[PDB]
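Chemist: Here's my sequence, what's the structure:
(2 chains, ligands or ions: 11)
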Amino acid sequence: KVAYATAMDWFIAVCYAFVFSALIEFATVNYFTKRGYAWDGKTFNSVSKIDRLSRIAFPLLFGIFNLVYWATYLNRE
Amino acid sequence: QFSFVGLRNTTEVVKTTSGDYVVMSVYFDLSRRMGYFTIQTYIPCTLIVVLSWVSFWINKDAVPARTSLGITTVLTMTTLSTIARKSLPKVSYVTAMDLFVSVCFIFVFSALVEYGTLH
Ligand SMILES: CCCCCCCC/C=C/CCCCCCCC(=O)O[C@@H](COC(=O)CCCCCCCCCCCCCCC)COP(=O)([O-])OCC[N+](C)(C)C
Ligand SMILES: CCCCCCCC(=O)OC[C@H](COP(=O)(O)O[C@@H]1[C@H](O)[C@H](O)[C@@H](OP(=O)(O)O)[C@H](OP(=O)(O)O)[C@H]1O)OC(=O)CCCCCCC
Ligand SMILES: *[C@@H]1O[C@H](CO)[C@@H](O[C@@H]2O[C@H](CO)[C@@H](O[C@@H]3O[C@H](CO)[C@@H](O)[C@H](O)[C@@H]3O)[C@H](O)[C@H]2NC(C)=O)[C@H](O)[C@H]1NC(C)=O
Ligand SMILES: CCCCCCCCCCCC
Ligand SMILES: CCCCCCCCCCCC
Ligand SMILES: CCCCCCCC
Ligand SMILES: CCCCCCCC
Ligand SMILES: CCCCCCCC
Ligand SMILES: CCCCCCCC
Ligand SMILES: CCCCCCCC
Ligand SMILES: CCCCCCCC
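Modeler: Numbers count the residues shown, from 1 in each chain, chains lettered A, B, ... in the order given. Ligands and ions are numbered 1, 2, ... in the order given. Sure, the structure comes next:
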């Protein structure tokens, strides 16, 4: 037990923010999911701009976070 | 766990079967810190309660999705309560952490019952 958060705790917390934001993002898409039925090979739900933007935003931002975290901690004196 | 607040000394004559004995006692005053318990117990329980909350924004028509979210939430809440109580000794009285986990139980079970009555 310690009264402070280790760097492991910070990485775990940021990954927790990423997964919780993935859940929040799906909830945001679900709010605008007007139709229940899916595409059939009559209108169909186009892929949400939220999803299409997140497919780049989440991994890229996570990679930037990985760069920042590992650069900050590995090179520390 | 704690922080040393201070020390205090006493000297009293205890009576026992073998005679009267002068006993000198040092009380160290310790005050607990909850930061590890927040990141250990309180934060996960609040996050799972928010997971119970997010069920409402999910469409009501999605019966498997709603039911799955509710059951996962309440069952992992049971598991979290079990481990949190494992952190404690075996004592027969409800503590503050037990009160918080009980309220979290009420919330997650209420969300599941809310979808049950909604359907
Ligand atoms: C564990 C790993 C698992 C391995 C999985 C194996 C896969 C390996 C990788 C597979 C390559 C991934 C692309 C394949 C899809 C191609 C088509 C597509 O959908 O592209 C979409 C763009 O959206 C993206 O492509 C974003 C994909 C991730 C890049 C995000 C940057 C972070 C890189 C991570 C580095 C960390 C950050 C580092 C930064 C310092 C476009 O959607 P579309 O509908 O197709 O658009 C219309 C069609 N059009 C494109 C022709 C116009
Ligand atoms: C936390 C609180 C939430 C805050 C998040 C706030 C983010 C947010 O919720 O906005 C969603 C909104 C619409 O996005 P989204 O695609 O999901 O919703 C579409 C939108 O409603 C269109 O207007 C609809 O067409 P129409 O006119 O009805 O005919 C379309 O229906 P359909 O054609 O498919 O049938 C819907 O699918 O804006 C954006 O474009 C993405 C913004 C960038 C998102 C990037 C965020 C990372
Ligand atoms: C630890 O134990 C010692 C001894 O029991 C405590 O010291 C004692 O404290 C009392 C009250 O402060 C002192 O009595 C007072 O002394 C002053 C100075 O002479 C005088 O002006 C007062 O009228 C009164 O008599 C007592 O002298 C002192 N003991 C000694 C040997 O000096 C001490 O407070 C304890 N530590 C704690 C409680 O943290
Ligand atoms: C158990 C460690 C968790 C620490 C707190 C994480 C906070 C991120 C989730 C909320 C942001 C959307
Ligand atoms: C697309 C939004 C992702 C939010 C979760 C990440 C929170 C930390 C910000 C990034 C740090 C470099
Ligand atoms: C956790 C809920 C996110 C928001 C869902 C509704 C979109 C405004
Ligand atoms: C996605 C693979 C990342 C590799 C990083 C290089 C150092 C291990
Ligand atoms: C994809 C980025 C991974 C970072 C590897 C560690 C850099 C020191
Ligand atoms: C420290 C656990 C409680 C945090 C407050 C959350 C209020 C929604
Ligand atoms: C979590 C707050 C976002 C949802 C509020 C907007 C929906 C009416
Ligand atoms: C006995 C468990 C709760 C049942 C509630 C169903 C909706 C009225």
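Chemist: May I have the phi/psi pair for residue B:98?
Modeler: phi -60, psi -40 (degrees, to the nearest 10).
Chemist: residues in contact with it?
Modeler: Neighbouring residues of residue B:98 by C-beta atoms under 8 Å, 6 or more residues apart in numbering or on different chains: residue B:85. The C-beta positions use only the backbone N, C-alpha and C, and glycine is treated the same way.
Chemist: how much space is there between it and residue B:68?
Modeler: 28 Å (C-beta to C-beta, to the nearest Å).
Chemist: ditto for residue B:21
Modeler: On the measure of C-beta to C-beta, residue B:21 and residue B:68 end up 66 Å apart.
Chemist: What of residue A:75?
Modeler: 44 Å.
Chemist: Mind telling me which residue of chain A is nearest ligand 1?
Modeler: The minimum distance from chain A to ligand 1, using C-beta to the nearest ligand atom, falls at residue A:63 (2.1 Å).
Chemist: In chain A, which residue sits closest to ligand 5?
Modeler: The nearest approach of chain A to ligand 5 comes at residue A:65, 3.7 Å away (C-beta to the nearest ligand atom).
Chemist: surely that residue meets residue A:14?
Modeler: Yes. Counting by C-beta atoms under 8 Å, residue A:14 is a contact partner of residue A:65 at 5.9 Å.
Chemist: Give me the buried positions along stretch A:34-51.
Modeler: Neighbour-count burial for stretch A:34-51 flags residue A:48 (criterion: 16 or more other C-beta atoms under 10 Å in any protein chain shown).
Chemist: all helices of chain B, in order?
Modeler: With DSSP state H as the criterion, chain B has helices at B:35-37, B:43-53, B:63-87, B:96-118.
Chemist: Just say which of those is most tucked in.
Modeler: helix B:43-53 (a mean of 17; mean count of other C-beta atoms under 10 Å in any protein chain shown).
Chemist: Which other helices and strands does that one contact?
Modeler: Contact here means 3 or more C-beta pairs under 8 Å, 6 or more residues apart in numbering or on different chains; DSSP states H and E; on that basis helix B:43-53 packs against helix A:7-32, helix B:63-87, helix B:96-118.
Chemist: Would you reformat those as CSV and include distance to residue B:26?
Modeler: Converted to CSV, the helices and strands packed on helix B:43-53 look like this (distance: least, C-beta to C-beta, whole Å):
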stretch, distance to residue B:26
helix A:7-32, 36
helix B:63-87, 28
helix B:96-118, 28
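Chemist: Can you tell me which of these is nearest to ligand 8?
Modeler: That would be helix A:7-32 among the helices and strands packed on helix B:43-53, by C-beta to the nearest ligand atom, at 12.0 Å.
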